[PDB]
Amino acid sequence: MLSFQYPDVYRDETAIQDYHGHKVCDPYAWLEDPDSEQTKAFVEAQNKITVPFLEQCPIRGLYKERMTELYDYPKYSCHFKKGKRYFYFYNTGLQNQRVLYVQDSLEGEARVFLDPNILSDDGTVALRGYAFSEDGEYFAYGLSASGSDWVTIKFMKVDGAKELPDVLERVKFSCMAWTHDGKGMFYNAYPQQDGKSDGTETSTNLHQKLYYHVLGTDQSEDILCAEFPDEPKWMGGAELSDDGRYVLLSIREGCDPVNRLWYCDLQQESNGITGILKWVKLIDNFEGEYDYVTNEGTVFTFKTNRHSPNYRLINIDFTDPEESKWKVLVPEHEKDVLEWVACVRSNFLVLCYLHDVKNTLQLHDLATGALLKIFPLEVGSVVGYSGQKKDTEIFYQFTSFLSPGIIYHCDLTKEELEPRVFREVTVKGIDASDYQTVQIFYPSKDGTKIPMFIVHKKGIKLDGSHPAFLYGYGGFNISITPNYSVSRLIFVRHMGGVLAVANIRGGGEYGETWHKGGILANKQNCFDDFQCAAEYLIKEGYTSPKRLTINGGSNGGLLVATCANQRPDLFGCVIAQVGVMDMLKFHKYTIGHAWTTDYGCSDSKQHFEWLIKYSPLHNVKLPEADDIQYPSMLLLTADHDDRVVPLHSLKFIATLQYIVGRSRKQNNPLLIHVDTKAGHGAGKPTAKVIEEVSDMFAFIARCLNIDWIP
């Protein structure tokens, strides 16, 4: 099968670093420089063998045509009201970017408000963040180029959709919050740095500042409102209270769901916003999360995890702020995670729970916390919502494995609340009733029961004959909940596949204890959980190792890369997207310093000892048994991935090809594809998304010799 040879790649054998007495060799350290001729030649040589491999089999074309056909369905966000007008996002089917529409009433004719498609030939300029002024008359929006986290904020007057002159540069990981006087907007920016700031650089991002931009002025005139020069990793994001009276500052350091919470009573500023604000340090530590829900005068309602791993709602009165005085408005549930909370129609709260990895949605009274209404939902996820304090109605969007889903509307001025289907779209080509989703709970190595969703054609024999696609993430308190994926359903219908999603530790599915169960010293739980998921699928007859594919992205790319090293015998195929591979150096680049709350940091002797054991880059090793080789592997990355700098995948594939790819017994390919004008994944145009899934499933089809089923 291997009709190509791996490129020559220089090994710098002098690259030796001491980590607490452990010598680590890093012969591909030079691939850390994205700008060198050496690195560019490496990328070109790798793509030169990967692309013809992927495109040799007719199956890529059949997949791509079927993806193009089935992905072509209308896609809407929830309606949301701002001031006098309604807005929603909409893609007719195959537009590169969804388009923002405005209408003057729910029954009124809609018109294009902001169309990102006209900003590039190839749809690689994408909306990233936006905020309307309190009165709905002005609009700020972030644009990112080529998938980079870097943002340029531009502005529009809503009436007439008029471009304004204001442009804000050096924006990254930014809040956008307008003061209610409509004078201007808070946002974050980074100090100048040497070299590039376009998504191709690896430079660390430190000293993020909070600024205020007065509409109608140059950026050079913006007011510095908060900075933390003694704490270069702190990130202070601003929002206005619902009554416009307070600026709330949430300071983060790292990725843990915790924040300091400072406030500024704007009425108490000596002369409006003119410099560093008179911050009152209400919560001045990182012991808990405090997510603002609403306030009534000085009584502030927050979603918190303080003393409550599954989250709860508390009231903190700013005039009596000590923790012993806080009121518990909605107590923590013993098992279900309070995922998010919104305040709507003055005195309702909308609460969204995660119950065994499925969403529920409930209306509660603001004053007492009492449950008033359950909004009935099928099993799946709530993935969109609108309705803020002043609004008198809600929209919410539901999705699941087997249907694109439904947008509901509920008029909250009615005595008897009755949600109605507002929009529903059918995907002709996939009959949902041919398939089923089951949820099982399998024991991991230590006996912990892990949830797994399995999706497959009805009536299949569990004889181990089926190809399977097993997906995981396992980190950063992120819950992996049901979602509609055309690309995965084509695998099921046209490749005869079984789909599986394992809810491994590290995620947020069972609250903070689930998260803590897959971080730091215990990160190996994630890999154990995921290996156990594969073993369960095999034992129960859904699949066999030779027909099993695993996939994950980012922290999920680490997951699958590590599982390949640790259990090469368990998997036939591995696709690792935009993965963190160098666990010893991840913290040196761009925003990687923020992930040490999940992983630890190699500067620490204790953390190094955890990290060295599973770092994919440092654990490539020929399997001992003559009958065992590495699975076929595909790494996907891109040249403007400034979230997880591509050096991770570059160094990892060089190592795989040298240590494993050169052995006689290795016949499974070990490949990387590096895309151009693309980044970590957010804002990826439709055309690239289609090419990407076509690459992935063609890879699977070719490595496992799977026949297309028309």
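Throughout, we count residues from 1 along the sequence that is shown.
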| message | If you take the mean CA temperature factor per stretch, which one wins between 157 to 165 and 633 to 641? | response | 157 to 165
| task | Give the stretch, out of 456 to 464 and 135 to 143, with the larger mean C-alpha temperature factor in the deposited entry. | result | 456 to 464
| task | Determine which member of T655, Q46, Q56, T39 has the highest CA B-factor, using the values in the deposited entry. | result | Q56
| field | Residue of maximum C-alpha B factor among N522, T152, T274, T179, per deposited coordinates | value | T274
| remark: The third of the chain into which the C-alpha temperature factor of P52 falls is the highest
| request: Divide the modelled residues of the chain into thirds by Cα B-factor and specify which third, lowest, middle or highest, holds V24. | output: highest
| Looking at the C-alpha B-factor of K390, is it in the lowest, middle or highest third of its chain? | highest
| remark: Quick tally, chain-level thirds of C-alpha B-factors: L70 sits in the highest
| note | Chain thirds by Cα B factor, record data; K84 belongs to the highest
